[PDB]
Structures are given as structure tokens and as C-alpha cells.
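Two forms, one chain: they're shown below as C-alpha cells, one block per form, named structure 1 and structure 2.
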Structure 1
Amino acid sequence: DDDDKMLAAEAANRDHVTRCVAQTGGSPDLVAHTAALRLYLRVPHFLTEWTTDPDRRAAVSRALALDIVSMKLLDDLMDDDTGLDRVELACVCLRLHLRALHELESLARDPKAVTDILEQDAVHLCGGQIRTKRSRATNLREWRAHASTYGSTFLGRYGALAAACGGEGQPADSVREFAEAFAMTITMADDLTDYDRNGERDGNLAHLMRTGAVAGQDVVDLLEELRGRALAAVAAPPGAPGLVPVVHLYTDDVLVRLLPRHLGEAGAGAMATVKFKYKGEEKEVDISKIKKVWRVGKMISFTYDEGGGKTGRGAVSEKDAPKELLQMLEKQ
């Protein structure tokens, strides 16, 4: 049912946005383009998760949807590659944005709160976007510094806005920290998806990965860092435990579905190995060399490839058996 709320909020946000876009005169095209922004349309649901009143929640949620979409249209306008009419984009972008300011301001805890948040880091956001397209990233550090502006800062502002407009019990800093961490996970997913869906290369993370400039394991660590930051934010009282599955879902999808498309054969960080003594020795073998493996009580017995058609042998306690070895077990 939390999943049913999510869907219904996304649908309500989609509705609010498309009606507003058609009434301003945008084509059925642009209308389809915006209704297609499913995550952008659902994110407002996550940002408003700390809002106790449901009537305020739905109102804040769609107001955020209006502005997030408007900013996405602005981005479409700067790249001019959607096929969409430049004029309807411009005009629809502005219109949604003014509607959003009106709605958010009508729900804010203070009359200056909305414009303070939008102004506070406008230079960081705007100059940051310019710099992102002016100097393509060539390593993880650069890719990350750029993504913290058009991804993190970008969504963080909406996080601050959700807290500013969501009545009582909103832990301002936490909603915003959730937003900035979640935005980066989402931005990464996007780069690794759009490498192909879109044909993107310069400054793109999937390209940097396929190119060697950034290593799989460092991407896993950043994803893990972002997961932890988001979980902590979501844990600060009064808590938004409903966001826990959400954070896992997105992080895990990047790890399980998207990374492999750019890392290949076991793109972790190191070929797993098994250590053991055999005939007074000290041996270590790559799970890749391992042929057969079976269990005798709590011991794990196996055979492997030494060099040529030279069959090696070994047995270890399961406690010293790397997960990878234990898997060939159940897989044998």
C-alpha cells in the first residue's frame, strides 16, 4: 500500500502537470514528454514523506512536481535535441515555474522561505551547470564534483522546499540531506542508462568506466556511501522509515542491473581467492581456477587447475571459504 500511495501520488502529479502544460498551449507532444517524466514526477512523493497532513502533502508534492519538470524543460531547451518546439518549451517552462512558486509560497512556513531557498545557492547551481558542460569530467572526482551541482544541489533545493512547505515536524536538514544523496544515486543510474538509451559519451560515467578512467570498485563505494548517507537522513527523528526500501531499491538496481553493463566479467575489485595449506605448503587459488567443490561436514573440499592439465587439490573449513567458493557449492 505504501507502494500504492507512491503510484497514486505519481499519477496525481502527472495529472497536475499535464493539465497545466496543455492549458498554457503546449502541444500533445510536450504533454506526452512531461507525462513521461516518471521518476521526476514521483520524487516529490519521497521529498514529502515527512509531511503528516495528507492534504498538505498532496499539495506540496504536485507543486514540487511542477517546478522540477519546469527545470527539466529548461535543460531540454538548452541542449535542443528533443525535437520539441523551442517556443512551447520556453513558455511552458516559465508557466509551470510560476505556478509552482505560487503554490509553494501558499504553503510555506514563511513568506520569504521559497525565494530564500531558490536564491541561496542559485550561483552554485547555475554556474555549476555551465561548468559541467564547459569542461567534461575525466575521472571520478570530477564527475562527482559536477554531479553535486546539477544532481545534488538541484534536488536538495526541492528537499529544503518540501521541509519549508510541509507544515510541522519536518527535519529540514535531513530531508535535504536525503535529497542530495538520493539525487546522486539517481544521477549515476541515469548516466549508466543514457550511455546507450541516449548515446552520451563526454563527461559520462559509463564512458569513463568503459574507457578505464574510473574503476568499478570506486563506483561501488560511492554508491555505498550515498546509500548510507540517505539511510542516515531518513533515520533522523521523527524518521521517514518508508524511504528505506526506496533507497535500497535504487541503489541495488544500479549495482545489480546497471554496473555489469559497463564492467563485464566480475567487475568488482579483485578476483576472489581461497587460501590453504597443502603438503606443508601455503597455497592461494583464484576461484576462477576451481573445478569441483563439495561439502564434508563443515569442511569444503575441492579440486582446481594448477598449470596445464595439472589437477590441484584442497580442503578448507567453510569459515575460511570465500563466499564465491561457497556458491559453486550450492551451484554444484
Structure 2
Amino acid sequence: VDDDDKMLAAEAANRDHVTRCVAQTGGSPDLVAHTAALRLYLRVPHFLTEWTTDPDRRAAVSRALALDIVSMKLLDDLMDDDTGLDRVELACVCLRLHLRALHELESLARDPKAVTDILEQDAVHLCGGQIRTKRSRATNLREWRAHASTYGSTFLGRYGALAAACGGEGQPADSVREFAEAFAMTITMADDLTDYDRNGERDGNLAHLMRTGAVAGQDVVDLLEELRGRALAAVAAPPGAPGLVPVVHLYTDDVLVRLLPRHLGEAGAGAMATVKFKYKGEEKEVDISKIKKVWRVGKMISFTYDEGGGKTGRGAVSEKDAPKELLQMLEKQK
């Protein structure tokens, strides 16, 4: 409606500034395209700059950040050499973009040495972790999360930190980064589960490990939830960045609602939904999967189920002790 406008506008800006550079320095039309493809990356700088009060400073920090993120993404496509684009333009625009990023970021920076400082503190953790990421393919959530925390979380954390350091007054330093590192892993999960298929593109490590039973669907859900919390948490710390709240819920829920299911089955995570009631002196428990007819009568939910063959058992529970997946079935009917 409005703030969604600002993001679209910032992303537009960053895309331009980025492609104008890739162009001027020699990038072929092929690569200039490839860099405008990167939408998520070109948008993020916007979220990172959310705590920046003066709009002009904000625009500048955002695009500088945009510059490096792309520069860095390019150095990666450069290692994979699966992009089919030219290795030289890749390499050189990589450098060009980086150098300009460094230049603009330092112009807005609080203390001259703050920029190189940040890019150095975790440089080995980053670089070497990225080396180990691909040395060995992870095999359970524990390890996936481990790798992700470096090439995903640290990577963006640094920009989070840089955004704070170049964003004038009232920057909740550690909080911006905490947002970045959290959000980063959420989208990193999304990315994994997202298969575009082009070239010789592997099924996402996490997706694969998910589809192979090496990682339990519910666990993914838990983590997705931990990350949303860790995120919302950060954007809360004062002075706060209320705007990012919906952003966070947006990507987390996308993974959950849209992506997650492409890999799990009919049954997402957790156990199969059950209804517990007392019937004919007994104790019962039926999976909503076997519940046929179900209606309402005041504040009770009456129903019928498949009890064993052609046998139709019955029940009635208070809407209170009625599981969500059953109160839903009321809807489909009347």
C-alpha cells in the first residue's frame, strides 16, 4: 500500500545503480541482466537500512550495500562456473562493484576505519566456513544449519553491521545484525527448497535431506519458527524497526505455506491431528483423517467417524477440546 511502495522503489533504485555500474565497466548485456535478476538481494539492503532516519542517507547506504551483495554474489557464481556467463566479465565486474561499494560505504561511515573493520572481523570465519561448506555436503539439520549460519547468516550479518555503521544516528548496532543473521537463514531455507531447474541445478541440500527422511519436517518448522522469533525479537529492541515485522512474517510464512509442502506430503509436520472424547464409558481418540461428518450444536461439535471397516462411530466434544483441524471441517460443510 505505502511502505510496500518504498521497498519497491528502493529495489528499483538499487537495481539501476547496480546495472548502470555493471554496464559502464564492460559487463556484456547478458551479465547486466543476470545482475538485475537478483531481486531478493537488491531488495534486502532496504530492510537493513530500516533504522535509518534520514531518507537520503538511507537511499545511499542501501545501494552501496546493494553493490557489494551483488559483487559478492558474482564472486560466487564465479566459483560455481555454472552460470554460462563469461568468467572474465564476472571476475572484473565483481571487483569493480566491490571497490565502488567500499568507496560509497566509507563516505557515509561513522569512523573512517569502521568499514574495513567489520569486513575483517569475521573474514576468516566467513571465507573458510564457505570453504568447508562445500568441502562436505551436510547430512542432517544440525549440519545444514551449521553451514547456513556462515555463508548465509554471517554473510548478511556483515551488511547488517555495515548498514548500522553507515546509517547515521540511532542504529541499534547489534540488533540490526541480529535481524540480518536471522532473516538471512529464513530466506536461505526458502532458497534451498526452491528449485528453478535451469542448467544442472541440484535439488536443495535441505530439500533433499528432507525428502530422504534424513531431516524431519517438524524440525524445519521449529527452526523456521525460531528464526521468526529471533527476528521479531531484534526488530523490537528500541528504537525499533516496526516496519520489518510484516516482512519477517511474510517470508517465514511463505516457506511454511508455499514451499515446505512441495517436499513433505499430505501430512506436513507433527503427529496426525486427533480428537479425544469420552464415549459410552470409554476413552476415544480419532484422527481427523477418519472423521467423516461433523457439525455444530450450540458450543459443542458433534461428529461421526470411520471406526473399523463399514463401522461408523460417533462423538461429541466441546468446541474447546476440539482440534483446529476439526473446526475447519465444519467450514467445508456448512
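Each residue is numbered by where it sits in the sequence of structure 1, with counting from 1. Only residues modelled in both forms are compared. Each form is matched to the other, and the largest set of C-alpha atoms that superpose within 1.5 Å is called the rigid core.
Chemist: Overlay on the rigid core first, then point out the one of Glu105, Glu142, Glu200, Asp253 whose CA is displaced 2 Å or more between the two structures.
Modeler: Correct option: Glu200.
Chemist: What is the magnitude, in angstrom, of the C-alpha shift at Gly267 between the two structures when the rigid core serves as the superposition reference?
Modeler: On core superposition, this C-alpha lies 1.4 Å from its counterpart.
Chemist: May I ask for the C-alpha shift of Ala232 between the two structures, in Å, based on superposition of the rigid core?
Modeler: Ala232 C-alpha displacement between the two structures, core-aligned: 0.8 Å.
Chemist: Report the moving segments between the two structures: consecutive residues, 3 or more per run, each with a CA shift of 2 Å or more after superposition on the core, given in sequence order.
Modeler: Run shifting 2 Å or more: just 194-203.
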